[PDB]
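Following: one structure in structure tokens, then a few remarks.
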Amino acid sequence: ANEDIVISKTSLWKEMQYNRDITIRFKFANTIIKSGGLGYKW
Amino acid sequence: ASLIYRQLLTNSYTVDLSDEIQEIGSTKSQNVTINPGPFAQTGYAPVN
């Protein structure tokens, strides 16, 4: 190791909290995969 | 012979024209305002 270099000069940043109403719509899904055999196994 | 002093003073408005001639040939540049002040000290959040 023992190395590190500068990329760019200093920059101006600030902290800000964003409050937002979010609606969440997510439908589940099922694999339901059939294994081998006569068809009884999964 | 004092006419030289009198005319040098009188015909001085042409100095402005010479200045404009120099200015047009001068290279121009612009500067943006510098964000001043005692910037607030904000560091990393407490993490684990």
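Scheme for the structure tokens: letters A, B, ... for chains in order shown; per-chain residue numbers from 1; ligand numbers from 1 in order shown.
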
Quick check: residues of chain B within 9 Å of chain A, only C-alpha atoms, returned as a PyMOL selection string. chain B and resi 35+39-40+42

If you run DSSP on the backbone, which residues of chain B are alpha helix (DSSP H), as number ranges by chain? B: 3-10, 14-25

Dump as a PDB file, in the first residue's frame, selection limited to N, CA and C atoms:
ATOM      1  N   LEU B   3       2.782  76.249 -27.836  1.00  0.00           N
ATOM      2  CA  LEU B   3       1.695  75.610 -28.554  1.00  0.00           C
ATOM      3  C   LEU B   3       1.737  74.103 -28.382  1.00  0.00           C
ATOM      4  N   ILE B   4       2.924  73.527 -28.189  1.00  0.00           N
ATOM      5  CA  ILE B   4       3.005  72.080 -28.020  1.00  0.00           C
ATOM      6  C   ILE B   4       2.269  71.658 -26.757  1.00  0.00           C
ATOM      7  N   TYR B   5       2.527  72.341 -25.639  1.00  0.00           N
ATOM      8  CA  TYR B   5       1.811  72.024 -24.408  1.00  0.00           C
ATOM      9  C   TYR B   5       0.319  72.263 -24.578  1.00  0.00           C
ATOM     10  N   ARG B   6      -0.043  73.410 -25.155  1.00  0.00           N
ATOM     11  CA  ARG B   6      -1.460  73.740 -25.268  1.00  0.00           C
ATOM     12  C   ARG B   6      -2.197  72.709 -26.113  1.00  0.00           C
ATOM     13  N   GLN B   7      -1.602  72.287 -27.229  1.00  0.00           N
ATOM     14  CA  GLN B   7      -2.263  71.333 -28.110  1.00  0.00           C
ATOM     15  C   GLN B   7      -2.238  69.926 -27.530  1.00  0.00           C
ATOM     16  N   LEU B   8      -1.153  69.547 -26.854  1.00  0.00           N
ATOM     17  CA  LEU B   8      -1.129  68.245 -26.204  1.00  0.00           C
ATOM     18  C   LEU B   8      -2.246  68.138 -25.183  1.00  0.00           C
ATOM     19  N   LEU B   9      -2.498  69.214 -24.437  1.00  0.00           N
ATOM     20  CA  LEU B   9      -3.615  69.176 -23.502  1.00  0.00           C
ATOM     21  C   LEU B   9      -4.951  69.203 -24.236  1.00  0.00           C
ATOM     22  N   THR B  10      -5.071  70.031 -25.276  1.00  0.00           N
ATOM     23  CA  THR B  10      -6.363  70.214 -25.929  1.00  0.00           C
ATOM     24  C   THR B  10      -6.825  68.941 -26.628  1.00  0.00           C
ATOM     25  N   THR B  14      -8.620  62.144 -28.026  1.00  0.00           N
ATOM     26  CA  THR B  14      -8.244  61.023 -28.877  1.00  0.00           C
ATOM     27  C   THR B  14      -7.595  59.895 -28.085  1.00  0.00           C
ATOM     28  N   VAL B  15      -7.185  60.166 -26.846  1.00  0.00           N
ATOM     29  CA  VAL B  15      -6.659  59.110 -25.991  1.00  0.00           C
ATOM     30  C   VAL B  15      -7.720  58.047 -25.760  1.00  0.00           C
ATOM     31  N   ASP B  16      -8.980  58.461 -25.640  1.00  0.00           N
ATOM     32  CA  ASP B  16     -10.055  57.488 -25.484  1.00  0.00           C
ATOM     33  C   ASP B  16     -10.161  56.589 -26.709  1.00  0.00           C
ATOM     34  N   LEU B  17     -10.032  57.161 -27.905  1.00  0.00           N
ATOM     35  CA  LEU B  17     -10.086  56.346 -29.113  1.00  0.00           C
ATOM     36  C   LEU B  17      -8.920  55.368 -29.168  1.00  0.00           C
ATOM     37  N   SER B  18      -7.723  55.821 -28.794  1.00  0.00           N
ATOM     38  CA  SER B  18      -6.591  54.900 -28.742  1.00  0.00           C
ATOM     39  C   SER B  18      -6.842  53.786 -27.733  1.00  0.00           C
ATOM     40  N   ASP B  19      -7.444  54.126 -26.593  1.00  0.00           N
ATOM     41  CA  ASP B  19      -7.759  53.116 -25.592  1.00  0.00           C
ATOM     42  C   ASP B  19      -8.749  52.097 -26.134  1.00  0.00           C
ATOM     43  N   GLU B  20      -9.749  52.550 -26.891  1.00  0.00           N
ATOM     44  CA  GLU B  20     -10.684  51.605 -27.498  1.00  0.00           C
ATOM     45  C   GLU B  20      -9.977  50.710 -28.507  1.00  0.00           C
ATOM     46  N   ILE B  21      -9.052  51.279 -29.282  1.00  0.00           N
ATOM     47  CA  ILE B  21      -8.301  50.477 -30.245  1.00  0.00           C
ATOM     48  C   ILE B  21      -7.514  49.390 -29.528  1.00  0.00           C
ATOM     49  N   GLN B  22      -6.893  49.732 -28.400  1.00  0.00           N
ATOM     50  CA  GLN B  22      -6.175  48.721 -27.626  1.00  0.00           C
ATOM     51  C   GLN B  22      -7.134  47.699 -27.024  1.00  0.00           C
ATOM     52  N   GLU B  23      -8.277  48.163 -26.518  1.00  0.00           N
ATOM     53  CA  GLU B  23      -9.212  47.275 -25.840  1.00  0.00           C
ATOM     54  C   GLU B  23      -9.763  46.223 -26.790  1.00  0.00           C
ATOM     55  N   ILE B  24     -10.109  46.617 -28.017  1.00  0.00           N
ATOM     56  CA  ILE B  24     -10.689  45.647 -28.942  1.00  0.00           C
ATOM     57  C   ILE B  24      -9.704  44.516 -29.202  1.00  0.00           C
ATOM     58  N   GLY B  25      -8.411  44.838 -29.285  1.00  0.00           N
ATOM     59  CA  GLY B  25      -7.400  43.812 -29.457  1.00  0.00           C
ATOM     60  C   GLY B  25      -7.062  43.049 -28.196  1.00  0.00           C
TER      61      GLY B  25
END

Take atom CA of residue 41 of chain B and atom CA of residue 8 of chain A and report the distance between them in Å, one decimal. 19.6 Å
